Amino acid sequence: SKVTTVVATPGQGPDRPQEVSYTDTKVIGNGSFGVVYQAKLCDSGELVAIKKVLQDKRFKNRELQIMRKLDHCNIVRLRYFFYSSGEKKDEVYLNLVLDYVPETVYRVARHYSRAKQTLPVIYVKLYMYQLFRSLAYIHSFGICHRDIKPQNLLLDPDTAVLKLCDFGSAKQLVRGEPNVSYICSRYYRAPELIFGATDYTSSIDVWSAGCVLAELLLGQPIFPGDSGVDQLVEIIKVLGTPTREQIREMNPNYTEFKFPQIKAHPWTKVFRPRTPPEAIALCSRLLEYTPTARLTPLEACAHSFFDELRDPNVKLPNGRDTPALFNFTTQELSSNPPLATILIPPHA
C-alpha cells in the first residue's frame, strides 16, 4: 500500500504547485536518464507514466516548454512535472508525468507482421490520419517533432485512439537558424538528414510519416539498413537516383557526389498487388526527394485515402464507432483553413 506524495506543477493548469499522490509504481520501460515508471494517481485512479530527463542549469528544458503548450486529442498529455534526484549522483532530474497509454502502433504492426497477416486497412487509415492531425497541430506552432517512428505512436487498441509522444527531440524550427542533423531514428530519417543538412524544415516529419505508412502496408520497414549508405541504397532502389536539382534541394554540398545509378522501381510494384491504390498514391506524395514537394500534414488529412473516415456510417471492425476525427481548431487549421470543407464533413 505504498503511497508517495510530491509537490508538482500541473502540466497545463495554472502555474501553481500542488500536492500529488501516487501509488502502485512499476517499471514499464527505460529511457536515456533512468527507467520509466507507471503509477496510479490516488486522486482519480488514473494511470500515468513518469519519465526522467536531464535539467540543464543554463536553459529551460525544451521538451517541457513544448509540452506545456500542447493540447490535442492525438498528443500525449502532460499531467504534472517535478524535479528530483536520480540515477547519476549529484544530478537533478526533471520528471514528466504523462497520461499512460498501454500500447503503440509498433506493437500492433509487429503482432500482425509476425503472424504474416496484413494490418486491416481501416486501421492504417485511422492511425495515419490521427498521426497527420497531430503533425498539423504541432507544425502550426513551428514545432517539428524530429523523431517520428511507430514506437512514438501510442495507441489504445480498443478505441483506436492514437497519441503522439516523445518530444525529447522536438524543436521550433526558425528559417535561417541552423539545426543539428543527427536527430531522427534509423529507418525513418529523411534523405536531407542522411546527407547531414542543417537547414531542413518540418517536412522531415512528413517523410518519417510516409515511412510509417509504407511499413504498415508492407509489414516491414521500407528503407532498412544499419548505415546511411545502406538506407540510401534502399531509398534509391525505390525512388531512383536523385537528380542534381533534387540533391540541391536536400543538401547542396552533396550535388556532385557519385551515387548508385538506378532507375526508380514503379510504386505499384513496391507493395503487394492488393494494396489499395489510394494508399500507394498517398505514399508516393510523402516519400519525395524534394522536401517542398511532400504533402503538408493538413493536405495529407484531406487525401482521398482517408475518405472512408469521413463516411457518416463508418464503424470500427469491433463494432465501436470511430474516435474523434473532426474537432479541428482554428490553430490546427491555420496552415490552410479552407481544407476544412473536405476535413469537416456535413454530418459534423
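All residue numbers refer to positions in the sequence shown, first residue = 1. Under this definition, the rigid core comprises the largest set of C-alpha atoms superposing within 1.5 Å between the forms.
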- line: Of 225 to 233 and 263 to 271, the one with the larger RMS C-alpha deviation from the shown form in 9 other deposited structures of this protein, core-superposed, is 225 to 233
message: I'd like to know which segment deviates more from the shown structure in 9 other deposited structures of this protein: 245 to 253 or 163 to 171, using C-alpha RMS over all structures and residues after a core fit.
response: 245 to 253
message: Does the comparison with other PDB entries of this protein show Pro102 lacking coordinates in a third or more of them, where both adjacent residues are built?
response: no
field: No coordinates for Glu87 in a third or more of the other PDB entries
entry: yes
statement: Mean B factor on CA atoms, stretches 276 to 284 and 46 to 54, record says higher is 46 to 54
field: Average Cα temperature factor in the PDB entry - higher stretch of 165 to 173, 262 to 270
entry: 262 to 270
query: Checking the entry, which one of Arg310, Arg294, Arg68, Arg62 has the top C-alpha B factor?
result: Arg310
message: Between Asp158, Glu256, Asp205, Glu215, which one tops the list for Cα B-factor in this entry?
response: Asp158
query: By its CA B factor, does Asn95 count among the lowest, middle or highest third of the modelled residues in the chain?
result: middle
message: Per the entry's values, where does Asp226 land by CA temperature factor relative to the rest of its chain, in the lowest, middle or highest third?
response: middle
task: Relative to the other modelled residues of the same chain, rank the CA B-factor of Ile75 and answer lowest, middle or highest third.
output: middle
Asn30, C-alpha B-factor rank within chain (lowest, middle or highest third): highest
query: Is the Cα B-factor recorded for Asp147 in the lowest, middle or highest third of its chain?
result: lowest
